[PDB]
Amino acid sequence: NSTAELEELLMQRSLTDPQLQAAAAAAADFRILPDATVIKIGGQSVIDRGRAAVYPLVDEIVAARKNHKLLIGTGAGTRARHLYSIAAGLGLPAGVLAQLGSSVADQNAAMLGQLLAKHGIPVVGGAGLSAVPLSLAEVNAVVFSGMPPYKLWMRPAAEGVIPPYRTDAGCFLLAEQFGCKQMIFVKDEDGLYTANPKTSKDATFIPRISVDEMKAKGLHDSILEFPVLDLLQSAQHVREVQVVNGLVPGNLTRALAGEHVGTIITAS
Amino acid sequence: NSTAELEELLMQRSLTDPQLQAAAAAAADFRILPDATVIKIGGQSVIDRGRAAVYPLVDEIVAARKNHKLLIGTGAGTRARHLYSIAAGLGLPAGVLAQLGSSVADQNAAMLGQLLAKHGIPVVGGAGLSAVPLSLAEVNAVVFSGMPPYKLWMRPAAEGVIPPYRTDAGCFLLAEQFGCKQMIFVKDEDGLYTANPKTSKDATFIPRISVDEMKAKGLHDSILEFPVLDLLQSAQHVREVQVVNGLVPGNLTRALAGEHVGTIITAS
Amino acid sequence: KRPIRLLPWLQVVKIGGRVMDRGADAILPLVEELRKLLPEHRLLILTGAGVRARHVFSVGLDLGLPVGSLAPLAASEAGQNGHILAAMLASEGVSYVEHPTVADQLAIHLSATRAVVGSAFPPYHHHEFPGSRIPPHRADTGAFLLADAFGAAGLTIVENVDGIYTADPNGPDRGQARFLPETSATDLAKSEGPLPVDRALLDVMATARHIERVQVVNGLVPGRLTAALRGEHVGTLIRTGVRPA
Amino acid sequence: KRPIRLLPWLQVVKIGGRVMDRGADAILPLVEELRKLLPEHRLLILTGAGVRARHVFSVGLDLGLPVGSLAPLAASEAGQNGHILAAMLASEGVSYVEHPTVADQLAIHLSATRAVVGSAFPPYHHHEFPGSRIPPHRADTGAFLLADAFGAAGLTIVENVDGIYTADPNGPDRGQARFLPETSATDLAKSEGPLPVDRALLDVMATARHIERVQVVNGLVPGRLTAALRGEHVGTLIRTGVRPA
Amino acid sequence: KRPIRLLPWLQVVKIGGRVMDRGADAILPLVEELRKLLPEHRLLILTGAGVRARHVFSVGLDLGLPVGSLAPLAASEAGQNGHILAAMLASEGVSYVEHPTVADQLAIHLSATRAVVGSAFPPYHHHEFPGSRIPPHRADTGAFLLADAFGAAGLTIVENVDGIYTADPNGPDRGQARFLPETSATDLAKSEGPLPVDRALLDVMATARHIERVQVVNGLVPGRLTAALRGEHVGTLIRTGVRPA
Amino acid sequence: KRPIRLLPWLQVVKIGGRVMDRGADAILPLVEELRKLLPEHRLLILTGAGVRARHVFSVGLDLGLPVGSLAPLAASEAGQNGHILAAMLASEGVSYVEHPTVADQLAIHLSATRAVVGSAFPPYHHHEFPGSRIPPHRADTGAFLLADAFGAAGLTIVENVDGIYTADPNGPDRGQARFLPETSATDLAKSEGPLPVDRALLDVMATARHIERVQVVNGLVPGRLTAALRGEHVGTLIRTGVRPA
Ligand SMILES: Nc1ncnc2c1ncn2[C@@H]1O[C@H](COP(=O)(O)OP(=O)(O)OP(=O)(O)O)[C@@H](O)[C@H]1O
Ligand SMILES: Nc1ncnc2c1ncn2[C@@H]1O[C@H](COP(=O)(O)OP(=O)(O)OP(=O)(O)O)[C@@H](O)[C@H]1O
Ligand SMILES: Nc1ncnc2c1ncn2[C@@H]1O[C@H](COP(=O)(O)OP(=O)(O)OP(=O)(O)O)[C@@H](O)[C@H]1O
Ligand SMILES: Nc1ncnc2c1ncn2[C@@H]1O[C@H](COP(=O)(O)OP(=O)(O)OP(=O)(O)O)[C@@H](O)[C@H]1O
Ligand SMILES: Nc1ncnc2c1ncn2[C@@H]1O[C@H](COP(=O)(O)OP(=O)(O)OP(=O)(O)O)[C@@H](O)[C@H]1O
Ligand SMILES: Nc1ncnc2c1ncn2[C@@H]1O[C@H](COP(=O)(O)OP(=O)(O)OP(=O)(O)O)[C@@H](O)[C@H]1O
Ligand code: MOO
Ligand code: MOO
Ligand code: MOO
Ligand code: MOO
Ligand SMILES: [Mg+2]
Ligand SMILES: [Mg+2]
Ligand SMILES: [Mg+2]
Ligand SMILES: [Mg+2]
Ligand SMILES: [Mo]
Ligand SMILES: [Mo]
Ligand SMILES: [Mo]
Ligand SMILES: [Mo]
Ligand SMILES: [Mo]
Ligand SMILES: [Mo]
Ligand SMILES: [Mo]
Ligand SMILES: [Mo]
Ligand SMILES: [Mo]
Ligand SMILES: [Mo]
Ligand SMILES: [Mo]
Ligand SMILES: [Mo]
Ligand SMILES: [Mo]
Ligand SMILES: [Mo]
């Protein structure tokens with residue numbers, strides 16, 4: 001396997017050719033931002049709850065960026081579900097819903113960003129390339145909207161018009177693309193349970209689990225968007241994610257310090 | 001020659017009036033970024049060669065920006081020549097070719113920029129005004145695409161449809177506009193020779209030469225785009241350029257330290 | 001119930017990047033055929049990438065870049081092909097339009113003129129899926145996602161070969177390559193080996209809501225695109241597995 | 001002398017965000033009525049924000065954000081309503097257009113197609129006036145500013161109620177709410193209590209240069225918008241205090 | 001062989017910034033003449049800069065700024081003149097379009113409406129050539145570069161004088177100024193002294209591929225633009241040195 | 001004061017019947033040139049009669065018929081040439097229109113499509129003037145009467161020769177035939193000898209109200225019609241003796 005062998009195949013064969021795909025798999029692997037952590041702040045689980053949830057998290061982010069480079073992505077929340085319901089009732093396709101949902105995640109990024117502006121932290125574009133905000137000790141963090149850019153080209157789910165790739169997937173793929181060292185989903189439960197704890201009285205906490213074990217238990221579409229689990233098994237750089245409760249003070253800080261709070265979901 | 005004399009002429013005469021032009025020539029001369037160096041990284045001569053050429057240059061840029069402010073422009077290369085050949089065969093004019101070539105220089109800037117992002121160095125717009133990346137010791141460098149913005153308004157050459165002002169000219173005019181102290185073209189030969197050394201066995205190295213001496217020797221269109229030579233003779237700020245071999249480790253670093261590696265081409 | 005059709009009168013045509021790679025010898029007869037089609041249909045013409053994306057893949061992989069970096073670098077070449085094609089059609093009122101324009105203002109632009117040209121690559125960008133080092137959501141995939149999202153009347157894929165064979169008709173096993181007049185996406189997806197269409201095209205066909213068939217035709221043979229847009233069988237028909245309401 | 005009329009043949013229609021909030025039951029009959037109006041007028045359709053702006057106000061105020069932060073957050077919801085409405089009209093050639101397009105290129109877009117859709121919120125953004133914690137320059141205000149600046153033939157405000165009452169006909173004092181067939185902006189501005197239109201609308205009416213009347217009509221009753229655009233009195237008429245040259 | 005013509009049916013008209021500087025007295029008759037020309041031609045109208053660029057040059061030079069800083073500052077004034085002119089023509093379907101739109105989507109915009117307005121300055125910006133402290137590539141130059149690149153049917157330059165004289169007919173040597181009914185670019189380029197057109201216009205004429213003549217006419221005399229667009233000789237004809245295929 | 005111009009934006013083109021007589025070798029390049037002119041002008045194309053009218057004159061005179069009988073018999077052949085030409089342009093939206101349609105509804109037809117074709121013969125019919133046994137008011141005359149009555153922008157006469165000579169360049173004195181680049185109608189009317197245009201054309205030029213020049217060009221040389229419609233001098237210019245208001 002040499003560069004000449006790969007370049008010949010790249011010229012002479014279709015990109016669909018298994019021989020080309022295999023030669024491509026052998027290429028070197030560059031991590032663009034290997035030292036950053038991607039954090040998702042849930043829209044419904046955090047930002048929609050207002051000051052009592054958001055203000056403590058702002059304080060943690062400000063304290064944490066002294067020792068950690070952070071890419072902070074926003075979820076969407078109840079306003080996106082309202083738009084999805086309106087548009088779905090009209091027969092609009094998933095590609096149109098995806099555009100509508102992005103505007104709500106944008107709103108949340110702007111609200112978070114204004115609480116952090118006096119600390120130097122901006123709302124950005126090309127966060128994974130926004131190299132200048134991340135390289136400063138006075139800054140060391142960016143805020144971005146968590147929706148993927150697929151918009152009208154969103155691939156639909158097998159059933160229904162709800163975009164299957166939303167802000168969990170958007171934040172995860174950014175972490176994966178830039179080769180970040182860590183991916184933390186900040187929600188409103190301690191982590192993954194045997195069942196939805198908002199509905200079940202006796203659900204059991206799961207500290208650590210693989211994607212396959214989650215599927216075997218029917219937890220494929222539980223605390224994370226179910227496509228994120230499949231994305232995680234195909235990932236090159238981010239082979240595990242951590243889910244923590246942002247309503248507990250210090251949870252984010254302790255997750256960044258290597259403490260095993262919440263649930264760790266591994267690719268294998 | 002007073003401000004009142006210039007302002008009267010500016011109001012009362014056509015901009016074509018020799019008297020107005022002469023009064024304008026007497027105006028004060030501000031250098032916007034007098035302490036920066038513009039570097040062009042060749043597309044065909046460097047970036048198209050891949051890891052063996054690009055990775056050592058990335059390392060040099062990272063080390064060099066501790067003592068030097070750098071504006072790093074990208075060439076285009078073989079993909080631009082392919083597009084030029086397609087478009088020329090269709091009878092498309094030089095203004096259309098210029099737009100096509102810019103996309104290739106943009107590609108190269110993005111690839112370079114991703115290798116430098118973890119060092120804080122961004123790909124930019126209005127690099128010569130991108131004052132905030134250049135003013136930090138942690139950054140001190142920007143990457144930009146080297147094509148001029150003329151696009152459909154590109155002036156054609158006397159013959160043929162190949163845009164005469166490409167990435168050598170784009171990088172040079174940026175250095176000249178911002179009053180930078182130095183302009184370095186990074187290519188794949190040690191410098192200017194009596195003839196193309198890729199084709200000639202006995203070409204002789206030229207350490208230093210003026211534009212007029214180059215024309216007298218038939219080297220008007222040799223290692224630099226020939227319009228750059230005329231641009232250099234009309235320049236106000238950048239009255240000489242240096243051509244170095246980027247395939248030789250440390251050449252860029254040593255050029256930035258004042259060593260007379262490569263060829264220095266002077267306006268006069 | 002399925003989603004409504006946004007532009008039911010639209011016809012989407014995807015031009016393979018490798019057709020454009022052949023230069024004037026291929027492009028001039030194609031431009032002439034497109035010109036005579038303009039009064040007959042309402043066309044969204046989408047260009048693929050071709051050989052220049054292969055070169056930027058070679059450089060990018062050599063530099064070690066991930067699939068989300070290579071995806072917009074290949075999309076760039078599809079866009080340049082689109083500017084080239086549109087320029088040849090400018091005198092008939094055709095221009096290249098950007099992705100945001102295609103996604104939000106296609107209706108008004110097709111009210112102003114008979115056809116527009118855009119890039120067939122979808123804007124997955126740095127959010128391309130991982131797994132392969134080669135971006136999976138390419139020009140065929142992006143064209144189908146758009147056509148099916150719009151509920152368009154059809155998508156026709158215009159290639160440098162007659163259609164789909166049992167092997168690459170330009171590759172090592174060319175001798176055993178047999179032409180496939182008709183196929184299903186699910187049959188193709190179960191096969192192994194190369195295809196003239198993205199494998200991801202087969203996946204989005206499985207979740208499609210409107211487009212029932214996509215025909216792959218040889219754009220190097222004048223008249224095949226014209227016939228395909230009238231539903232005549234002149235290449236390979238791909239059944240998507242959407243079947244009627 | 002007053003300024004000239006830039007688009008004297010234009011008709012501006014503002015769709016209340018709360019009409020859109022009702023979903024298909026309200027939107028489908030409205031889309032059908034708009035479709036039959038397309039050949040009769042040259043329409044700039046502007047959407048308001050509705051209930052989602054109320055939710056983002058609740059979050060924003062809880063976070064303590066100033067009025068210049070809340071203004072673009074509410075405008076976002078008007079824009080989404082505009083994309084929804086335009087999508088339903090795409091097959092008739094209608095698209096959503098951005099504010100810069102409305103302000104600089106409306107003439108060419110209404111030459112290409114019969115109607116366009118835009119956001120009714122004006123781009124006051126972080127430069128919204130202080131005083132109230134609620135952004136004052138909202139959808140009714142933005143629609144009137146545009147209509148009067150263009151010198152349009154009219155502005156019709158399409159609501160979820162029959163017009164203006166003496167009290168909120170959906171509020172606590174609903175029992176004493178009396179319908180107002182006609183009113184003047186100066187009379188309304190002197191009143192206290194809620195209205196179906198921005199209070200800022202009354203202020204910009206006072207400095208208006210062209211539009212003499214604005215009619216508020218119930219978009220939940222099919223045919224009222226059609227009648228209003230022909231000048232038939234089917235809701236509340238607001239006299240602006242512009243009177244003729 | 002020369003490059004093809006992209007928009008062979010196009011007519012380009014450049015309006016001198018100093019014509020606009022005269023305000024309504026000049027602009028109103030020009031707008032009326034343009035209105036009657038709309039059904040006769042497919043017009044790209046490009047505005048120059050005029051006196052405001054002279055003022056920003058005075059400030060800029062006093063601040064010491066280089067020619068690449070002064071170039072976009074002067075272009076700004078050409079753009080404002082273009083917005084003013086387009087606004088006067090809005091009721092006929094005319095809008096101002098941006099440089100990217102002119103360069104990539106002119107065909108579709110001239111399919112939607114009969115004329116558009118743009119800035120005549122080319123986007124040389126901070127990459128303007130050095131040498132003079134005054135930006136050389138100005139409105140006449142940008143209009144010709146575009147017209148010739150498009151292969152347009154003509155370029156007509158609309159001035160506040162009858163054409164080219166042997167001296168500035170408004171300057172000190174006005175007494176010896178003789179009218180030049182016809183001239184060649186190469187003859188003008190060898191002359192010294194002021195001209196009503198950029199000297200850079202003469203240079204790009206030398207490398208032109210399609211436009212053979214450019215006529216300079218007095219836009220302050222109603223009917224001269226109309227006659228010039230039909231090829232009638234009513235000002236100064238400049239021969240470019242392109243001669244036929 | 002002179003009468004107003006009814007269709008000031010109109011361009012009238014008269015195609016000589018003898019050009020059509022040459023069949024495909026002449027008509028196909030002319031049709032292609034007309035096709036590329038369609039987006040540039042608003043064209044009324046009028047066809048002359050040619051050799052078949054000569055044959056019906058031979059039969060008619062042998063039968064002794066008067067000039068008012070021969071006039072509609074020759075007009076018939078101009079109409080057939082018009083149907084032939086229009087059929088070749090049908091795919092571009094061009095049709096033949098009747099004289100009543102040309103006289104009363106030309107405006108609406110040129111609003112629907114870019115060009116129409118009609119018969120150049122005027123409807124003098126059995127009320128043709130006596131004197132000559134050959135109908136005097138033929139195709140050139142009818143085309144000019146219409147063009148000047150409409151106040152059209154121009155009339156271009158498209159011939160099988162380069163223009164007007166001092167003698168028939170295809171006749172006995174061909175050897176002394178000298179090309180006339182420019183002439184006046186009054187000078188021609190005083191001359192004796194044959195011309196490529198009706199003598200009656202010179203008479204109606206004398207009473208014309210709007211058209212100042214008519215150019216006669218060789219339609220067998222591709223590009224001359226295109227150049228003439230832009231006012232380039234490529235054949236014989238006839239000055240009518242209308243001079244400006
Ligand atoms: N087995 C489970 N364990 C834990 N939580 C679960 C489980 N099943 C369902 N959930 C629910 O998933 C929720 C978290 O998902 P949710 O989409 O609300 O978070 P989010 O990131 O705020 O979403 P968005 O950003 O899209 O608004 C929890 O509030 C919980 O009620
Ligand atoms: N007299 C000469 N001396 C040195 N090099 C010469 C001479 N004449 C021609 N050359 C060629 O010029 C080349 C450098 O120009 P080239 O345009 O390839 O560089 P580049 O900056 O990579 O271009 P781009 O960025 O447009 O791809 C050298 O590789 C060399 O072969
Ligand atoms: N089973 C197959 N049947 C037909 N062609 C095949 C098959 N397998 C491989 N190919 C090859 O695929 C080629 C088309 O290449 P490809 O699909 O990459 O180009 P393209 O579609 O023009 O490019 P783009 O995807 O950028 O638009 C054909 O020329 C053929 O050589
Ligand atoms: N005096 C009044 N007359 C009529 N309606 C009133 C009055 N006072 C309050 N209202 C209320 O105003 C409601 C309309 O609410 P609102 O005007 O906020 O919605 P909208 O105009 O659709 O929203 P947007 O301003 O975002 O477009 C009516 O349903 C009614 O309940
Ligand atoms: N030889 C000449 N012949 C004619 N006019 C001349 C000559 N020399 C100078 N001029 C002057 O040029 C003036 C036109 O000025 P200028 O060309 O700067 O304006 P403009 O073209 O309207 O501006 P812009 O270039 O911004 O569009 C005329 O009014 C005249 O005074
Ligand atoms: N002085 C002249 N200059 C040029 N051509 C002349 C002259 N005298 C006679 N002719 C002849 O007139 C011929 C054109 O014939 P004529 O004008 O009858 O045809 P036409 O205009 O095509 O027919 P129609 O009047 O039916 O449209 C030329 O071919 C030429 O031989
Ligand atoms: O937004 Mo546009 O400028 O419809 O074709
Ligand atoms: O600028 Mo546009 O692309 O008029 O509808
Ligand atoms: O891109 Mo458009 O063509 O007038 O919005
Ligand atoms: O009377 Mo008609 O049927 O205008 O083209
Ligand atoms: Mg293919
Ligand atoms: Mg309201
Ligand atoms: Mg001038
Ligand atoms: Mg004749
Ligand atoms: Mo940045
Ligand atoms: Mo930034
Ligand atoms: Mo920035
Ligand atoms: Mo910056
Ligand atoms: Mo930056
Ligand atoms: Mo654009
Ligand atoms: Mo755009
Ligand atoms: Mo846009
Ligand atoms: Mo825009
Ligand atoms: Mo724009
Ligand atoms: Mo634009
Ligand atoms: Mo745009
Ligand atoms: Mo008829
Ligand atoms: Mo008729």
# chains A, B, ... in the order shown; residues from 1 in each chain; ligands from 1
>>> closest_atom_pairs(of="chain F", to="ligand 27", cutoff="8 Å", atoms="only C-alpha atoms and all ligand atoms", output="Markdown table")
| residue | atom | partner | partner_atom_place_in_ligand_line | distance |
| --- | --- | --- | --- | --- |
| F:97 | CA | ligand 27 | 1 (Mo) | 7.4 |
| F:98 | CA | ligand 27 | 1 (Mo) | 6.3 |
| F:101 | CA | ligand 27 | 1 (Mo) | 7.6 |
>>> select_by_dssp(residues="region 1-237 of chain C", states="alpha helix (DSSP H)", output="PDB file with C-alpha atoms, in the first residue's frame")
ATOM      1  CA  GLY C  17     -18.605  15.023 -13.456  1.00  0.00           C
ATOM      2  CA  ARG C  18     -16.741  12.648 -15.779  1.00  0.00           C
ATOM      3  CA  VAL C  19     -18.971  13.713 -18.694  1.00  0.00           C
ATOM      4  CA  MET C  20     -17.784  17.302 -18.108  1.00  0.00           C
ATOM      5  CA  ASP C  21     -14.186  16.035 -17.802  1.00  0.00           C
ATOM      6  CA  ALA C  24     -15.980  20.367 -25.512  1.00  0.00           C
ATOM      7  CA  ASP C  25     -16.285  17.073 -27.430  1.00  0.00           C
ATOM      8  CA  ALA C  26     -18.869  15.937 -24.843  1.00  0.00           C
ATOM      9  CA  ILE C  27     -20.145  19.262 -23.532  1.00  0.00           C
ATOM     10  CA  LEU C  28     -21.056  20.951 -26.834  1.00  0.00           C
ATOM     11  CA  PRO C  29     -23.514  18.230 -27.998  1.00  0.00           C
ATOM     12  CA  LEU C  30     -24.930  18.071 -24.466  1.00  0.00           C
ATOM     13  CA  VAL C  31     -25.423  21.848 -24.350  1.00  0.00           C
ATOM     14  CA  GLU C  32     -27.204  21.705 -27.715  1.00  0.00           C
ATOM     15  CA  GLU C  33     -29.496  18.917 -26.498  1.00  0.00           C
ATOM     16  CA  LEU C  34     -30.204  20.801 -23.254  1.00  0.00           C
ATOM     17  CA  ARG C  35     -31.054  23.934 -25.264  1.00  0.00           C
ATOM     18  CA  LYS C  36     -33.766  22.099 -27.227  1.00  0.00           C
ATOM     19  CA  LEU C  37     -35.123  20.612 -23.968  1.00  0.00           C
ATOM     20  CA  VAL C  51     -11.575  13.608 -11.842  1.00  0.00           C
ATOM     21  CA  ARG C  52     -10.508  16.798 -10.028  1.00  0.00           C
ATOM     22  CA  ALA C  53     -12.174  15.507  -6.847  1.00  0.00           C
ATOM     23  CA  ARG C  54     -10.018  12.394  -7.210  1.00  0.00           C
ATOM     24  CA  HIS C  55      -6.913  14.568  -7.245  1.00  0.00           C
ATOM     25  CA  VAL C  56      -7.953  16.570  -4.191  1.00  0.00           C
ATOM     26  CA  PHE C  57      -8.738  13.254  -2.454  1.00  0.00           C
ATOM     27  CA  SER C  58      -5.186  12.087  -3.230  1.00  0.00           C
ATOM     28  CA  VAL C  59      -3.661  15.232  -1.730  1.00  0.00           C
ATOM     29  CA  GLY C  60      -6.090  15.303   1.194  1.00  0.00           C
ATOM     30  CA  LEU C  61      -5.609  11.665   2.155  1.00  0.00           C
ATOM     31  CA  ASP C  62      -1.839  12.066   1.839  1.00  0.00           C
ATOM     32  CA  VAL C  67     -13.810  12.525   5.559  1.00  0.00           C
ATOM     33  CA  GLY C  68     -15.529  15.714   6.749  1.00  0.00           C
ATOM     34  CA  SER C  69     -12.623  17.722   5.328  1.00  0.00           C
ATOM     35  CA  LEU C  70     -12.620  15.886   1.996  1.00  0.00           C
ATOM     36  CA  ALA C  71     -16.383  16.297   1.451  1.00  0.00           C
ATOM     37  CA  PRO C  72     -16.447  20.092   0.798  1.00  0.00           C
ATOM     38  CA  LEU C  73     -13.210  19.834  -1.193  1.00  0.00           C
ATOM     39  CA  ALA C  74     -14.924  17.463  -3.648  1.00  0.00           C
ATOM     40  CA  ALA C  75     -18.125  19.522  -3.662  1.00  0.00           C
ATOM     41  CA  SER C  76     -16.037  22.454  -4.928  1.00  0.00           C
ATOM     42  CA  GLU C  77     -15.341  20.595  -8.170  1.00  0.00           C
ATOM     43  CA  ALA C  78     -19.041  19.874  -8.716  1.00  0.00           C
ATOM     44  CA  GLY C  79     -19.690  23.604  -8.326  1.00  0.00           C
ATOM     45  CA  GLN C  80     -17.035  24.509 -10.895  1.00  0.00           C
ATOM     46  CA  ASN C  81     -18.534  22.046 -13.379  1.00  0.00           C
ATOM     47  CA  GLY C  82     -21.864  23.781 -12.717  1.00  0.00           C
ATOM     48  CA  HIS C  83     -20.446  27.218 -13.492  1.00  0.00           C
ATOM     49  CA  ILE C  84     -18.924  25.854 -16.706  1.00  0.00           C
ATOM     50  CA  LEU C  85     -22.185  24.261 -17.844  1.00  0.00           C
ATOM     51  CA  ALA C  86     -24.292  27.308 -16.943  1.00  0.00           C
ATOM     52  CA  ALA C  87     -21.919  29.653 -18.790  1.00  0.00           C
ATOM     53  CA  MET C  88     -22.486  27.634 -22.000  1.00  0.00           C
ATOM     54  CA  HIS C  99     -27.349  25.743  -2.589  1.00  0.00           C
ATOM     55  CA  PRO C 100     -29.294  28.206  -0.347  1.00  0.00           C
ATOM     56  CA  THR C 101     -31.059  29.446  -3.469  1.00  0.00           C
ATOM     57  CA  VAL C 102     -31.887  25.895  -4.567  1.00  0.00           C
ATOM     58  CA  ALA C 103     -33.216  25.023  -1.122  1.00  0.00           C
ATOM     59  CA  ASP C 104     -35.318  28.151  -0.485  1.00  0.00           C
ATOM     60  CA  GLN C 105     -35.966  30.016  -3.771  1.00  0.00           C
ATOM     61  CA  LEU C 106     -36.077  27.417  -6.561  1.00  0.00           C
ATOM     62  CA  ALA C 107     -39.740  28.164  -7.311  1.00  0.00           C
ATOM     63  CA  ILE C 108     -39.146  31.840  -8.129  1.00  0.00           C
ATOM     64  CA  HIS C 109     -36.034  31.099 -10.216  1.00  0.00           C
ATOM     65  CA  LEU C 110     -37.883  28.532 -12.315  1.00  0.00           C
ATOM     66  CA  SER C 111     -40.625  31.129 -12.742  1.00  0.00           C
ATOM     67  CA  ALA C 112     -38.038  33.551 -14.169  1.00  0.00           C
ATOM     68  CA  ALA C 139     -23.448  13.913  -6.431  1.00  0.00           C
ATOM     69  CA  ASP C 140     -25.929  11.121  -7.242  1.00  0.00           C
ATOM     70  CA  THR C 141     -26.971  11.056  -3.581  1.00  0.00           C
ATOM     71  CA  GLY C 142     -27.414  14.822  -3.319  1.00  0.00           C
ATOM     72  CA  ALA C 143     -29.413  15.005  -6.554  1.00  0.00           C
ATOM     73  CA  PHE C 144     -31.788  12.263  -5.403  1.00  0.00           C
ATOM     74  CA  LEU C 145     -32.261  13.741  -1.917  1.00  0.00           C
ATOM     75  CA  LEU C 146     -33.298  17.035  -3.542  1.00  0.00           C
ATOM     76  CA  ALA C 147     -35.474  15.489  -6.245  1.00  0.00           C
ATOM     77  CA  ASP C 148     -37.352  13.308  -3.761  1.00  0.00           C
ATOM     78  CA  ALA C 149     -37.659  16.085  -1.168  1.00  0.00           C
ATOM     79  CA  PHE C 150     -39.215  18.326  -3.829  1.00  0.00           C
ATOM     80  CA  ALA C 185     -32.077  -0.452  -5.431  1.00  0.00           C
ATOM     81  CA  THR C 186     -32.375  -3.290  -2.897  1.00  0.00           C
ATOM     82  CA  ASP C 187     -30.874  -5.759  -5.376  1.00  0.00           C
ATOM     83  CA  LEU C 188     -27.985  -3.402  -6.109  1.00  0.00           C
ATOM     84  CA  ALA C 189     -27.384  -2.682  -2.415  1.00  0.00           C
ATOM     85  CA  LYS C 190     -26.976  -6.422  -1.756  1.00  0.00           C
ATOM     86  CA  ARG C 199     -23.795   3.340  -2.848  1.00  0.00           C
ATOM     87  CA  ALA C 200     -25.422   5.973  -0.617  1.00  0.00           C
ATOM     88  CA  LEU C 201     -27.912   6.599  -3.443  1.00  0.00           C
ATOM     89  CA  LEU C 202     -29.270   3.089  -2.822  1.00  0.00           C
ATOM     90  CA  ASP C 203     -29.717   3.897   0.881  1.00  0.00           C
ATOM     91  CA  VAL C 204     -31.681   7.117   0.397  1.00  0.00           C
ATOM     92  CA  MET C 205     -33.765   5.356  -2.262  1.00  0.00           C
ATOM     93  CA  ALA C 206     -34.877   2.956   0.492  1.00  0.00           C
ATOM     94  CA  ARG C 224     -30.834   9.674 -24.814  1.00  0.00           C
ATOM     95  CA  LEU C 225     -31.412  12.404 -22.228  1.00  0.00           C
ATOM     96  CA  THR C 226     -34.313  13.729 -24.327  1.00  0.00           C
ATOM     97  CA  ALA C 227     -35.863  10.257 -24.559  1.00  0.00           C
ATOM     98  CA  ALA C 228     -35.331   9.538 -20.852  1.00  0.00           C
ATOM     99  CA  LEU C 229     -37.148  12.730 -19.848  1.00  0.00           C
TER     100      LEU C 229
END
>>> residues_around(residues="region 89-96 of chain A", least_positions_apart="2", cutoff="6 Å", atoms="only C-alpha atoms", output="list in words")
residues 86, 87, 98, 99, 151, 152, 153, 154, 156, 161, 162 and 163 of chain A; 3 and 4 of chain C; 24 of chain D
>>> interface_residues(of="chain B", to="chain E", cutoff="8 Å", atoms="only C-alpha atoms", output="ChimeraX atom specification")
/B:3,6-7,10-18,21,24-25,27-31,91-95,148-150,152-158,161,170,173-174,176-177,231,234-236
>>> residues_around(residues="residue 183 (chain C)", least_positions_apart="3", cutoff="12 Å", atoms="only C-alpha atoms", output="list in words")
residues 163, 164, 165, 166, 179, 180, 186, 187, 188, 189, 190, 191, 202, 213, 214, 215, 216, 235, 236, 237, 238, 239, 240 and 241 of chain C
>>> residues_near_ligand(ligand="ligand 2", cutoff="9 Å", atoms="only C-alpha atoms and all ligand atoms", output="JSON, numbers by chain")
{"B": [40, 41, 42, 43, 44, 45, 46, 47, 48, 74, 75, 76, 77, 78, 79, 80, 81, 105, 146, 166, 167, 168, 185, 186, 187, 188, 189, 190, 191, 192, 193, 194, 195, 196, 197, 198, 199, 203, 204, 205, 206, 218, 219, 220, 221, 222, 223, 224, 225]}
